[PDB]
Novice: 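Let me give you the structure first, and then I'll get to my questions.
Numbered from 1 within each chain, the chains take letters A, B, ... in sequence-line order. Note: hydrogens, waters and symmetry copies are ignored here, and every other heavy atom, side chains too, is used.
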Amino acid sequence: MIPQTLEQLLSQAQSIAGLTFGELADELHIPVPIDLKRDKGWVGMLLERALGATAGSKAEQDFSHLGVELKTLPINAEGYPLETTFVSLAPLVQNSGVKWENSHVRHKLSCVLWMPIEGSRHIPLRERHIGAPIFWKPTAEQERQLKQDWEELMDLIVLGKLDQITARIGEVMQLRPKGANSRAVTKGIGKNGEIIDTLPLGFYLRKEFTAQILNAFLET
DNA sequence: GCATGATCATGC
DNA sequence: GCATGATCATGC
Ligand SMILES: [Ca+2]
Ligand SMILES: [Ca+2]
């Protein structure tokens, strides 16, 4: 079930490319909800089971033996991303120590298997199709971009400007809330260096960044 | 129209 | 609350 090599994983992915969520779900005996409003990570999980990836909250890696991270990517009819891509929670405290090279973010984005999927809301969940696999590793430029944003956003977190951080900061990667809702709370750093309560934040890739990944693939 | 800010399920 | 998986939907 669990692929032993990259070749096997890419082969299994290519095998489910073109299937509908319904066909795949039924084949795996997984119940399909009416929509994603209250099952937001359903497609993600559907693919994990279909490709033999690590389920549950197992830390940072779907195919640890391969060093590959699996990520679904919703796209519209023109092949453009319908949503941003979550990368990982941001450490709002004790971030002291990590450099870009040894970041959770860089690690999770070092080798990604993107599985594009039909994401248009008007399409009945059961009828949406799974796209062809896209195996990606950031180019020099992409990492230069990712690194820049990471350092910028991290400095703010390390300097208590948590109250200045807005989803507008960052060219390709940004910080947006990540949790149950607006009342969720985590430990952070105050305007005066004191541990306070604040909203949990996570790193996300803007649609423009992932769209380029989709484009650089087509131009192949 | 769509990005920002909000929100939903689950296991421990 | 955190870490897994993300999409929703209101404000502009
Ligand atoms: Ca996983
Ligand atoms: Ca994953």
Novice: If you check every side-chain atom of A/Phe86, which of C/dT4, B/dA3, C/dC2 has the closest atom?
Specialist: C/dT4

Novice: In the structure I gave you, are the side-chain heavy atoms of A/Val105 and A/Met173 within less than 4.5 Å of one another anywhere?
Specialist: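 Touching, per the 4.5 Å side-chain cut-off.
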
Novice: Heavy-atom count around A/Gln164 CD within 6.0 Å, excluding the residue itself: above 12?
Specialist: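 More than 12 heavy atoms, drawn from other residues, nucleotides or ligands, come within 6.0 Å of this atom.
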
Novice: Where the side chain of A/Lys108 is concerned, which of C/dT4, C/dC8, B/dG5 is the nearest nucleotide?
Specialist: C/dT4

Novice: Pick north or south for the sugar of B/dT4; the rule is positive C1'-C2'-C3'-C4' for north, negative for south.
Specialist: south

Novice: Does atom CD1 of A/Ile2 have more than 12 heavy-atom neighbours from other groups under 6.0 Å away?
Specialist: no

Novice: Any side-chain N or O of A/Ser182 under 4.0 Å from OP1/OP2 of B/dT7?
Specialist: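 Yes, within the criterion.
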
Novice: Between B/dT4, C/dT7, B/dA6, which nucleotide gets closest to the side-chain atoms of A/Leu199?
Specialist: B/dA6

Novice: Looking at the side chain of A/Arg176, which of B/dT4, C/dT4, B/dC8 is the nearest nucleotide?
Specialist: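 The answer is B/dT4.
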
Novice: Quickly work out the A/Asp35 CG to B/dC8 P distance and round it to whole Å.
Specialist: 13 Å

Novice: May I ask you to verify if any side-chain N or O of A/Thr72 is less than 4.0 angstrom from the OP1 or OP2 atom of C/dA6?
Specialist: yes

Novice: Between B/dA3 and A/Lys207, is there an OP1 or OP2 to side-chain N/O distance shorter than 4.0 Å?
Specialist: yes

Novice: For A/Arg49, report the nucleic acid contact type (base, sugar-phosphate, nothing); a contact means any heavy atom under 4.0 Å.
Specialist: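 Contact class for A/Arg49: none.
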
Novice: What integer distance in Å separates A/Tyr204:OH from C/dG5:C1'?
Specialist: 11 Å

Novice: Would you kindly give the CH2-to-P distance between A/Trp42 and C/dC8, to the nearest whole Å?
Specialist: 14 Å

Novice: Let me spell it out: for each of A/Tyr80 and A/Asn181, pick the nucleotide of DNA chain B with the closest heavy atom. Which residue's pick is nearer the 5' end?
Specialist: A/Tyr80

Novice: State whether A/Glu171 and A/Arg206 are salt-bridged, where the test is any N-O pair (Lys NZ or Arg NE/NH1/NH2 against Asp/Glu carboxylate O) under 4.0 Å.
Specialist: no

Novice: Output the single nucleotide from B/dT4, B/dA9, C/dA6 whose closest atom is nearest the side chain of A/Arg168.
Specialist: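 My answer, after comparing the listed nucleotides, is B/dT4.
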
Novice: Report yes if a side-chain nitrogen or oxygen of A/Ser88 is closer than 4.0 Å to either non-bridging phosphate oxygen (OP1 or OP2) of C/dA3; otherwise report no.
Specialist: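 Indeed not, no polar side-chain atom of A/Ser88 lies that close.
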
Novice: Separation of A/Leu125 atom CG from B/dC8 atom P, in whole Å?
Specialist: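 Going from CG in A/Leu125 over to P in B/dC8 covers 18 Å.
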
Novice: Would you kindly check whether a donor in the side chain of A/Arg38 faces an acceptor in the base of C/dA6, or vice versa, at under 3.5 angstrom?
Specialist: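 A donor-acceptor contact between them is absent.
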
Novice: Would you mind telling me which of C/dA6, B/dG11, B/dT7 lies closest to the side-chain atoms of A/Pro177?
Specialist: B/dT7

Novice: What pucker do you get for B/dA9 when you go by the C1'-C2'-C3'-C4' torsion?
Specialist: south

Novice: May I have the distance from A/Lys178 (atom NZ) to C/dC2 (atom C1'), rounded to whole angstrom?
Specialist: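 In whole Å, C/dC2 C1' lies 11 Å from A/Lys178 NZ.
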
Novice: Counting only heavy atoms not in A/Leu218, do more than 12 sit closer than 6.0 Å to its CG atom?
Specialist: yes

Novice: Between A/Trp136 and A/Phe209, what is the ring plane arrangement, given parallel below 30°, perpendicular above 60°, and tilted in between?
Specialist: perpendicular

Novice: What is the distance from CG of A/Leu36 to P of C/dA9, rounded to the nearest Å?
Specialist: 11 Å

Novice: Can you tell me if the sugar in B/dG5 is north or south, using the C1'-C2'-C3'-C4' torsion?
Specialist: south

Novice: Is A/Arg206 close enough to B/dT4 that one of its side-chain N or O atoms is under 4.0 Å from OP1 or OP2 there?
Specialist: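 Checking B/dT4 against A/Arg206, a side-chain N or O does come within under 4.0 Å of OP1 or OP2.
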
Novice: Would you tell me if any nitrogen or oxygen in the side chain of A/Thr166 comes within less than 4.0 Å of OP1 or OP2 on B/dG5?
Specialist: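 Yes, within the criterion.
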
Novice: Between A/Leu89 and A/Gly179, which is nearer to the 5' end of DNA chain C once each is assigned its nearest nucleotide?
Specialist: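 The residue mapped nearer the 5' terminus is A/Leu89.
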
Novice: Would you mind reading off the distance between A/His122 atom NE2 and B/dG1 atom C1', rounded to a whole angstrom?
Specialist: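 Spelled out: NE2 on A/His122 to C1' on B/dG1 is 16 Å.
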
Novice: Going by atom types only, do A/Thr20 and A/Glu23 share a side-chain donor-acceptor pair under 3.5 Å?
Specialist: yes

Novice: When you match A/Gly41 and A/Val185 each to their closest nucleotide on DNA chain C, which lands nearer the 5' end?
Specialist: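 On the 5' side of the pair lies A/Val185.
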
Novice: Take atom CE of A/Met173 and atom P of B/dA3, then tell me their distance rounded to the nearest Å.
Specialist: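 Taking CE of A/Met173 and P of B/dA3, I get 18 Å after rounding.
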
Novice: Ignoring hydrogens and geometry beyond distance, is the side chain of A/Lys37 in donor-acceptor contact with the base of C/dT7 at under 3.5 Å?
Specialist: no

